[PDB]
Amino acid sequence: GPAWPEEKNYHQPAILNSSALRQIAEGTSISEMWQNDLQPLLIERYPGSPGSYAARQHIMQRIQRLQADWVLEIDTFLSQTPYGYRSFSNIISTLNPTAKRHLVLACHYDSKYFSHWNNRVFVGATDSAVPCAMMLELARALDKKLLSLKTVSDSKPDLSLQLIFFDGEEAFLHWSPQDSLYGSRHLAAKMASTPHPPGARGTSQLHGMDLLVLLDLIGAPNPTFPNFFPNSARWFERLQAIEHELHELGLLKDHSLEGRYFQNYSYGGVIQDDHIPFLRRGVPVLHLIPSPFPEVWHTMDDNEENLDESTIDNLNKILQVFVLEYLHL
């Protein structure tokens, strides 16, 4: 009904039991993600570079090989930058494009532009090659479950899944209102002015975004994710509960509840990131960015060598469980 944009306010998860939690933990592979999804992305890939094209092709190819009915769209646009007009390309991967509601996971796939120093190149391992690879691994690990979302004569889902890989999150020169968030600013405005579902008189694609889960700066040891917003606080609590359950079942590695990732801790300030253009239009956001930022932030040391594989593996399991429970799969 025309209250369908309010359904997100009443939506509850379908909780997984212990057996299912073990199955999900066993179904993801950090080493396969590392070799097949993460390492091809550990390249210079600022917007418009050859590496940006190679990264986009890799992301699309890894989604395209899956059995689930992903619809891939490239959102290419022109923007002014400190280096003049440039082209950018957001990547969107949607299951059930005409379903009214989607849970949305997102990160940025560009890497910040820097000069090279003594044969060193910035590859943004935490920022955000690892979030990209986590999203690809979730699509792979959950592929057989997500296949059941596919629209047939028997069933068409109200609620499905979408992935967004933003281009141009980073400033080209100096972080500023004109030099930042190129892809997310563009895509939020575009979705805000696109009727959804097709044929709708008065609702946009933005109204169908149940929840935007934004991964950024993930892969360093001991991350702490604050609970940022009152309208996603209850979903933050579900992340806490999932971390705690997986912990008690012995399904996490190198993990203590004293140093857990999702603490009883909120953050009143603003973190400027790709969620802001969505947040400012009323989309609920779960912002999975650590506070403080990793010490390697925007340095040449944000590389593969300094990633913490167990932390990523643990967060893969938590995120996959969260997504299945949200979608009732």
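Only the largest set of C-alpha atoms that superpose within 1.5 Å between the two forms is called the rigid core. All residue numbers are counted from 1 along the displayed sequence.
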Superpose on the core, then say which of 174 to 182 and 99 to 107 ends up with the larger RMS Cα offset from this form in 5 other deposited structures of this protein.
-> 174 to 182
Say whether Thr151, which has coordinates in the shown structure, is without coordinates in a third or more of the other compared entries.
-> yes
Averaging the C-alpha temperature factors as deposited, the higher value of 286 to 294 versus 58 to 66 falls on 58 to 66
Could you settle it for me: does 47 to 55 or 275 to 283 have the higher average Cα B factor in the PDB entry?
-> 47 to 55
Among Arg86, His102, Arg234, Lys150, which carries the highest Cα B-factor?
-> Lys150
C-alpha B-factor winner, where the candidates are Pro230, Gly168, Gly124, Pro177 = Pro177
Binned into thirds over the chain's modelled residues, the C-alpha B-factor of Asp154 lands in the highest
For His196, the third of its chain by CA B-factor is the middle
So, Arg238's CA B-factor, relative to its chain, sits in which third? The lowest
Grab the CA temperature factor for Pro131 from the record and place it in the lowest, middle or highest third of its chain.
-> lowest
Tell me, lowest, middle or highest third: where does the Cα B factor of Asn9 rank within its chain?
-> middle
